[PDB]
Amino acid sequence: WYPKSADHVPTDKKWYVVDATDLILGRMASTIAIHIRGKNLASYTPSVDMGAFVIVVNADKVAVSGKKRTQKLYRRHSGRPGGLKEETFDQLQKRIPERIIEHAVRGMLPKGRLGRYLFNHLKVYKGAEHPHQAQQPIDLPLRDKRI
RNA sequence: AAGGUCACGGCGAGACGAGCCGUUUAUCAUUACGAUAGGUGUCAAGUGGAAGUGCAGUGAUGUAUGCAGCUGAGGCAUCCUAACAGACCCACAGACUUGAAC
């Protein structure tokens, strides 16, 4: 008849945790942003926010393969000329660590009004403890043999 | 209500909104806060010798009274004048979840 449409879901969304101590950046960020969208739910619907909060901890110790750790550069460009800001992954992970993952998923998930709204569902922490015991976050399922 | 805004007196603040400081029994008293603008009183400061009268000169003009006289958006003092009257916005405990301690 008519396909079911995500009808109002507010809270009691699952909180997950990922200790990113030596888990390579990309692959992890794909399996983070697949639980950020809700593509693990028969209730999946692109237009509604059926997702689930998650919590990255030890955001200082994400690994990257190859020679990345000195090659990959995050560039923020000021609007004016000459504002380009070369910046290598080692300098960030030293200086402000959570922005690393805060980029990775922010590219993974669908920018727009909705994507922007969801990105809040990622809580990133550089310490080893996370202050959220909200839903008593159950550790996050990883279907990826290579991490 | 706390806080505001307006109004009222103005500024080293300002295109207008902004800002900032006032808003009177504007103390009184044994070492700092309650003079905001004007006026007044005084002092710095400027210009430079007032007016009248006298003297010397036939007359221009000088000379004495005399750092006087006019200045005084700067400094303090002074409630003399004006900050009178007001008015307006502002509220009642800050939905929903689990967690923790007694």
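If only residues of segment A:54-85 that are within 30 Å of A:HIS8 (Cβ to Cβ) and touching a helix residue (DSSP H, G or I) at 6+ places or on another chain (Cβ under 9 Å) are counted, the one that is surrounded by the most Cβ atoms within 10 Å (Cβ to Cβ) is A:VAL56. Taking the criterion of being part of a strand (DSSP E or B) and either under 18 Å from A:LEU25 (Cβ atoms) or touching a residue at least 12 places away in the same chain (Cβ under 8 Å) (or both), the residues of segment A:72-96 that qualify are A:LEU73, A:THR88. Within segment A:133-144, residues that are over 13 Å from A:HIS35 (Cα atoms) have Cβ atoms under 6 Å from residues that are within 16 Å of RNA strand B (Cβ to nearest atom) and β-branched (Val, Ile, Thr) in these pairs: A:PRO137/A:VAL17; A:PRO137/A:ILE55, counting only partners at least 6 apart in sequence or on another chain. Scanning segment A:1-53 for residues that are surrounded by 13 or more Cβ atoms within 10 Å (Cβ to Cβ), part of a loop (DSSP other than H, G, I, E, B) and within 16 Å of RNA strand B (Cβ to nearest atom) gives A:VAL9, A:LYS13, A:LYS14, A:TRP15, A:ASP49, A:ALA52, A:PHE53.
Considering segment A:108-140, the residues that are closer than 27 Å to A:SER47 by Cα and in contact with a helix residue (DSSP H, G or I) (Cβ under 8 Å, 6 or more places away or on another chain) include one that is farthest from RNA strand B (Cβ to nearest atom), namely A:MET108. Remark: pairs (first residue in segment A:1-27, touching a residue at least 40 places away in the same chain (Cβ under 8 Å) and under 24 Å from A:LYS61 (Cβ atoms); second residue among the aliphatic types (A, V, I, L, M) and within 16 Å of RNA strand B (Cβ to nearest atom); Cβ separation under 7 Å; 6+ apart in sequence or on different chains) = A:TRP15/A:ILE55; A:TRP15/A:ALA134; A:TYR16/A:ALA52; A:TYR16/A:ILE55; A:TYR16/A:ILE138; A:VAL17/A:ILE55.
A short reminder: the numbers here are calculations on the coordinates, not readings from a lab. Note: ideal-geometry Cβ built from the backbone for every residue, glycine included; neighbour counts use all protein chains shown.
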